[PDB]
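Given next, in structure tokens, is a single chain: the form deposited in one PDB entry.
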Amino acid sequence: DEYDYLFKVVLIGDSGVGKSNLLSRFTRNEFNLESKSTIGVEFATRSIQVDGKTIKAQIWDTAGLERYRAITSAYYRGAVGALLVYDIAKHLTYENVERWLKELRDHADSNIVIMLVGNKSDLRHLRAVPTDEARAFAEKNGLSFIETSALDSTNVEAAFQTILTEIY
């Protein structure tokens, strides 16, 4: 319905970290516990006020089972931000973070704003990745960092807000 900027943002990260529920939570305020691996490629849009401006965030999602495939170029084409997501309760998803980083360096624009997102912060009893360790990694690598829970919503808005404002 008009807007001052249209920003393409992509979700990337291991399968199971909660990419699709960060999407549905941001764009529809919906969460699904019985959430199947994403087939294909899709996007959803949401308009938000960031400063004085209205921004159409065009959020893209796909399976993070594979690294590079035929849709990869088209997926990063025109993307001005990536949310790179791991699962705070699965150390492996966090080990894979640098693998996804290389993948961005290889296929995204050199100026992509990348935010590192540790998701599933509701699983405090099951934590496998200390905030500090991830915090350390992010600043070392020029990345914004945040922890979210698509399940209970903590920081989901803040995460999209932050990346979008840093794209300005």
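In this text, residue numbers run from 1 along the sequence as written. Rigid core here is just the name for the largest C-alpha set that superposes within 1.5 Å across the two forms.
Here the stretch with the larger average CA B-factor, out of 122-130 and 38-46, is 122-130. In the PDB entry, the Cα temperature factor peaks, among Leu33, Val117, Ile114, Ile59, at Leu33.
Another form exists, deposited in another entry; not displayed. Remarks below refer to it.
In the overlay on the core between the shown form and the other one, a shift of 2 Å or more in CA position is seen for a single residue of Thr45, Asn32, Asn141, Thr131, which is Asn32.
Core-superposed comparison between the shown form and the other one: the CA of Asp106 stays below a 2 Å shift.
Once you line up the core between the shown form and the other one, the Cα of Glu157 stays within less than 2 Å of where it was.
Remark: with the core as the superposition reference, the CA shift of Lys56 between the shown form and the other one stays below 2 Å. In contrast to the form presented, in that other deposited form the C-alpha positions of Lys36 and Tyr76 draw closer by 3 Å or more.
Relative to this form, in that other deposited form the C-alpha atoms of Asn29 and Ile59 approach one another by 3 angstroms or more.
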